[PDB]
């Protein structure tokens, strides 16, 4: 009965497989599909720019994380939850976190570990909602995300 988690997972997972496989996801949207569709469109704009801007830095971070299986994804979750609980919250950090998740998801596809992509999207979501829930509901959730970036 967690709508915020459900909607957030739907958005973040679709973005991660899209970036990994290079093909859009035509699977029909869920309950608030209008907002989710536009948030996914927003992510394509701001998430691709973040990944391009920080390609060398994202690669250096991924190389130090050494992600090859699901247990390495778990060690990433530890890092994500620590920095997303440091008391600093803004939309730019949320975009950056999902953008790096898409970067990692591209790497998992390259090393034939596509089965680790869904666990990755779930862990980013769990970190997002657990640490930023009260802020997110104040910003009107993914409606605020869409309005903030256009």
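Residue numbers count along the first chain shown, from 1. We call the rigid core whatever largest set of C-alpha positions still superposes within 1.5 Å between the two forms.
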- So which moves more in 6 other deposited structures of this protein by CA, 47-55 or 79-87, given a superposition on the core? 79-87
- Note on the structure: Core-aligned CA RMS in 6 other deposited structures of this protein: between 10-18 and 130-138 the higher one is 130-138
- Message: Going by the mean C-alpha B-factor recorded in the entry, which is higher: 20-28 or 6-14?
- Response: 20-28
- Between 80-88 and 35-43, which has the higher average C-alpha B-factor in the PDB entry? 35-43
- With respect to the C-alpha temperature factors reported in the PDB entry, which of 104, 50, 116, 97 ranks highest? 116
- Message: Lowest, middle or highest third: which one holds residue 124 when the chain's residues are ordered by CA B-factor from the entry?
- Response: lowest
- What third of its chain, lowest, middle or highest, does the C-alpha temperature factor of residue 57 fall into? lowest
